[PDB]
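Read the structure below first, then the notes.
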Number of protein chains: 2
Amino acid sequence: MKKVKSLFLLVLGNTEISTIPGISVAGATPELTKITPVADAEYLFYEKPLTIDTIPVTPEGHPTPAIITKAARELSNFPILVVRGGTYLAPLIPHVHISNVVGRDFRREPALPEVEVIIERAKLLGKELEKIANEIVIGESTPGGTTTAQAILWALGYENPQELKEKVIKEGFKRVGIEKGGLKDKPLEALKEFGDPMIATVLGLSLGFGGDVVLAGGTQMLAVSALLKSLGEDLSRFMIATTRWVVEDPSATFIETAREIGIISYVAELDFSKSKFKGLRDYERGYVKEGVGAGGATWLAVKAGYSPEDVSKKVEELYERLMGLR
Amino acid sequence: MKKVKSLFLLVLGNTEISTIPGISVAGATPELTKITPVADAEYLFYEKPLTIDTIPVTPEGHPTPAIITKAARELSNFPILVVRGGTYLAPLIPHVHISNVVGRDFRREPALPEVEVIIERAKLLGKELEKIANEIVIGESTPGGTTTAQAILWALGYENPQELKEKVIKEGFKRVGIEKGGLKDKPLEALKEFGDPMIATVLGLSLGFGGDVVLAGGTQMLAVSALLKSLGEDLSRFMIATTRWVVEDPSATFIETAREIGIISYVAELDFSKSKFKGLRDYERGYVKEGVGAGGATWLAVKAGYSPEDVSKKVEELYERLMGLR
C-alpha cells in the first residue's frame, strides 16, 4: 500500500501564559505573540506573511526559526500541512482546523477545559493521515509553550527568564495543590491543568497516527513524549528532532530528559557563524535555538540529500530577501 | 517518489440560494439546508452526525447520499479529508479550512466577491496535495449547488423544480445583463456572479493539483469542467464520476454536456431495489440520485475490489443502524 514517505505538520497554538511580560520571546512584545503562530505559518508559503507583512522577531530582533523551516522545504520539497491546534487567529492559508481555543492562564484556572475534544479531533486527523503517509514530522509554533511544557514535565516528575517561569509554574501548582511529581500517573489531568492546545493536538496526532512520528521541537516535545509514556504508549516509533543549539546549551537537560523518558534524539547541525547578518549570526549565542519544527525540517532536507550547510545557505539567502525589518 | 494512490476530498459549501423555498431538497426545510453539509461530513466519521444527531433527509424523507460515501469508505478504507470551501458552520471534525464565506443570492448581488481568495487558498491546497497523492477524487455537499452550477453552465453557453430554477437564474442574468452564452470566454466573471464557495474551491483544487482529478458529482462537476475548459486547462487528466441514477434520468443531459465539454464519465452502478427501506428503495424512482461524492466513492471501492452490489449491501446495513429518523 503506497504512501508518501514523510509528511511535515506544523501545529499552531496559543496560550494566555505568553501575555505575561518576560515569559516568551516568540514575538516583539507580549501582544504580538498573539500573531506569531499565524505569521510563521503564512511565511512558509509566501514571500512575506499575510496577517502582518513582517516575520516574527524577538524583542532583540532575532528572526523566527520559521526561516529555517522555509529554507529546508524550499530545498527538499517535503509536503506540509498546517494544523491550527488552537490559536487566537486562523492563519490566512489552507490549514487543518482542530479548534479556536486558546490555553488559559494556569495560575488562575485550568489551562485547557477543552482538552478532550481537542485530543479527539487530533486523534481522528492522525488516523486519516496514517492512510496517507508512513511518517509524520510534527513541528510547532506556540508562544509560551515552553512554560506549559515545563509545568507538565514538572508535574509528571521530570526535573532570569527561568526564575519567572518557576514562579509562574509554582503558582499553578499551588492552585491545583500538587508538588513536582504529583501527577506522574495522571497525564490527562496534567495536560488539562497546565497544557495548551498545541500540546493536546500533538498528543492526539501521536495517539491516532500509527506509523513513525518525529516530534520536531524541544521542551515542548519532551512534554509530549512524557505524556505518551505515562499513557503507556510504546515509544519505539517516536523520535524527537531538535537542533545543535538546544543540545549544546549547558542550561538545558535535553538529552538527559530525553534519555529518562526513553525517546531517541535527532540533532540538526546548523551553523550560522558565516552569516552576513547579526540576527542569524546571533543563533550561535544562545538566542532562539528552536521552533516551527526547524530541527525536524532540516532532518528531512538531510534525508533528501542536502547538507546542514546547504540549509544554512538557503537561510542566509532568504534573510537577504527580507524587507521592512525594524 | 511514493504517494498514496487516491485521496478523496469532500468539499463543503453553502449558498443563500438554498434558502429559496422549493429550490433544494438537500435537507428537510430551507433552514436545515444550512446544517446539511456539516452533518454529512460528520456522519462519515461517527455513527451519527454531531452538530445535530440525525442525518440530513429530503422533505420526503430520502436519506442523504452521504450514506453511500460512508459505506464505500467503510469497505475500502480510502483516505478522506474534509474541506470547508465556505459554509455557515464549521463541521465538528478535523477539516481543511478554506473560508467561512457563504455564496450570495445572485438575483440581488454578485454571488462570490471572495472568489479570488477562495481560488487562491484552494489552489495552494491542491499544490501541497500533489506532493502526497497521485489522484484526488473530489466530492461535494452544497445545498443549492445545482442552481449555481446551472447558472454557470448557461452563462458559459451549455444548454416544476426546473421552472423555479430557470426563473431564479433568469433574474440573475437580468441583473448582470447577459443572455445564455454571454460569459463563454469570461469564466471567472461567471463564477463571481453566479457561483458558490464549493465551485470556487473545487476549481482551485483542480488548478493547483497537477495529477489525475476525479470530479465526483453531477451538474456541479459539469460546471467545474466547463470553467476549466474555458480557462484553457488540458482536460485529459480530469474525469467526472457520477451514478446510474444521474445518467439514466431522461430529464438530464449529463452525458451530452460531458461530451460537449470533453470530459470522460465514470458511472457507479448502484441498485437499491432489494432494500427493505422505502427511503433507499426510492433512489430507483428519481429521488436524490447524487451527492457527497457518492459516485466517486463507489468508484474507489470498486477499484479496491468491491462490487457495486457490495456497496449497496453496506448502505442497507448502515441504514438499519439509523435511530431517530422522523
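Between residue A:130 and residue A:162, what FRET efficiency comes out of the Förster formula 1/(1 + (r/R0)^6) with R0 = 30 Å and r the beta carbon distance, rounded to 0.05? Don't skip to the answer; put the middle values down first.
Working: r = 39 Å, r/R0 = 1.28.
E between residue A:162 and residue A:130, to the nearest 0.05, is 0.20.
Hey, which of these cross-link pairs are over 23 Å Cα-Cα: B:131/B:314; A:131/B:127; A:3/B:127; A:127/B:313?
Values: B:131/B:314 32 Å; A:131/B:127 19 Å; A:3/B:127 17 Å; A:127/B:313 25 Å.
Table pairs above 23 Å Cα-Cα are B:131/B:314; A:127/B:313.
Between residue B:189 and residue B:253, how high is the FRET efficiency from 1/(1 + (r/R0)^6) when r is the Cβ-Cβ distance and R₀ = 22 Å? Nearest 0.05.
After rounding, the FRET efficiency stands at 0.35.
At 7 angstrom along the Cα-to-beta-carbon line, where would the label on residue B:313 sit relative to the other copies? Give the distances in nm, shortest first.
So the distances to the same position in the other copies read 6.0 nm.
Between residue B:260 and the same site in the other copies, what are the distances in nm, shortest first, taking label points 7 Å from Cα along the C-beta direction?
Ordered by increasing distance: 7.2 nm.
So what is the diffusion coefficient of the protein assembly as shown in µm² per second by Stokes-Einstein at 20 °C and 1.002 mPa s, using a Kirkwood Rh over Cα pairs?
Numbers: Rh = 25.7 Å.
Rounded, D is 83 µm²/s.
Within 10 Å of each Cβ in peptide A:89-101, how many partner chain Cβ atoms are there on average? Round it to a whole number, please.
Rounded to a whole number, the mean comes out at 5.
Assign unit charges at the C-beta atoms only (+1 for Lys and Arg, -1 for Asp and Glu), then state the dipole size of chain B relative to its Cα centre in Debye, rounded to the nearest 20.
Numbers: 39 positive and 43 negative charges, 60 e Å.
It comes to approximately 280 debye.
Quick one: work out the % antiparallel among DSSP beta bridges in segment A:2-326, nearest 5. Please report the intermediate quantities before stating the final value.
Working: 1 of 30 bridges.
So the antiparallel bridges amount to about 5 percent of the total.
Name the residue from A:141, A:177, A:152 whose Cα lies farthest towards the positive end of the charge dipole of segment A:130-180, charges +1 on Cβ of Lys and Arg and -1 on Cβ of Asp and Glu.
Toward the positive end, the furthest listed residue is A:177.
What's the ranking of A:164-174, A:53-63 by average number of surrounding C-beta atoms within 10 Å, highest first? Show your work: numbers first, answer last.
Numbers: A:164-174: 16.6, A:53-63: 18.3.
Put in order of decreasing packing, that is A:53-63, A:164-174.
Over 25 Å between C-alpha atoms is what I'm after, so list which of B:34/B:70; A:192/A:229; A:34/A:229; A:229/B:48 land there.
Working: B:34/B:70 21 Å; A:192/A:229 17 Å; A:34/A:229 31 Å; A:229/B:48 33 Å.
Long pairs (Cα-Cα over 25 Å): A:34/A:229; A:229/B:48.
Counting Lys and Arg as +1 and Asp and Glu as -1, what is the net charge of the other residues whose Cβ lies under 12 Å from the Cβ of residue A:36? Don't skip to the end; give the middle numbers.
Values: positive: A:34; negative: A:31, A:40, A:42, A:140.
Overall, the nearby charge balance is -3.
Going 7 Å from Cα along the Cα-Cβ axis for the label, what nanometre distances separate residue B:175 from the same residue across the other copies?
Going from nearest to farthest copy, the values are 5.0 nm.
Could you line up B:275, B:251 from fewest to most neighbouring Cβ atoms inside 10 Å? All intermediate terms of the calculation are to be shown ahead of the outcome.
Numbers: B:275 19, B:251 7.
Ascending Cβ contact count within 10 Å gives the list B:251, B:275.
How well do other chains shield peptide A:41-47, expressed as the mean number of their Cβ atoms within 10 Å of each residue Cβ?
On the way: counts 0, 0, 0, 0, 4, 1, 0.
Averaged over the peptide's residues, the number is 1.
Averaged over all directions, how much area does the convex hull of the C-alpha atoms of segment A:1-140 cover when projected, in nm²?
On the way: hull surface 35.7 nm².
Mean orientational projected area (segment A:1-140, Cα hull): 8.9 nm².
Which value at 222 nm does chain A reach when only helices count, each DSSP H run of 4 or more adding -39,500 (n - 2.57), with the total divided by all residues and rounded to the nearest 500 deg cm²/dmol?
Here the helix-only value at 222 nm equals -12000 deg cm²/dmol.
Could you list A:272, B:277, B:78 in order of exposure, starting from the residue whose Cβ has the fewest other Cβ atoms within 10 Å? Before the final figure, lay out each step's value.
Numbers: A:272 18, B:277 15, B:78 21.
Fewest to most other Cβ atoms nearby, the residues stand as B:277, A:272, B:78.
Which of the trypsin sites (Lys or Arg not before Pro) found in segment B:77-118 are in a DSSP loop and have at most 15 neighbouring Cβ atoms, other than their own, within 10 Å?
Numbers: sites: B:84, B:104, B:107, B:108; in loops: B:104, B:107, B:108.
For trypsin sites (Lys or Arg not before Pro) across segment B:77-118 that sit outside H, G, I, E and B with at most 15 neighbouring Cβ atoms in 10 Å, the list reads B:108.
What are the extents of the Cα atoms of chain B along their three principal axes, listed from largest to smallest and rounded to whole Å?
For chain B, the Cα extents along the three principal axes come out at 51, 50, 36 Å.
Taking each residue in B:110-121, count the Cβ atoms of any other chain within 10 Å of its Cβ, then average. What number comes out? Before the final figure, lay out the partial values.
On the way: counts 0, 0, 0, 0, 0, 0, 0, 1, 0, 0, 3, 5.
Whole-number average of other-chain Cβ neighbours for B:110-121 is 1.
FYI, it's all coordinate maths here, none of it is from the lab. Note that we place each Cβ from the backbone using ideal geometry, even for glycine, and neighbour counts take in every protein chain shown.
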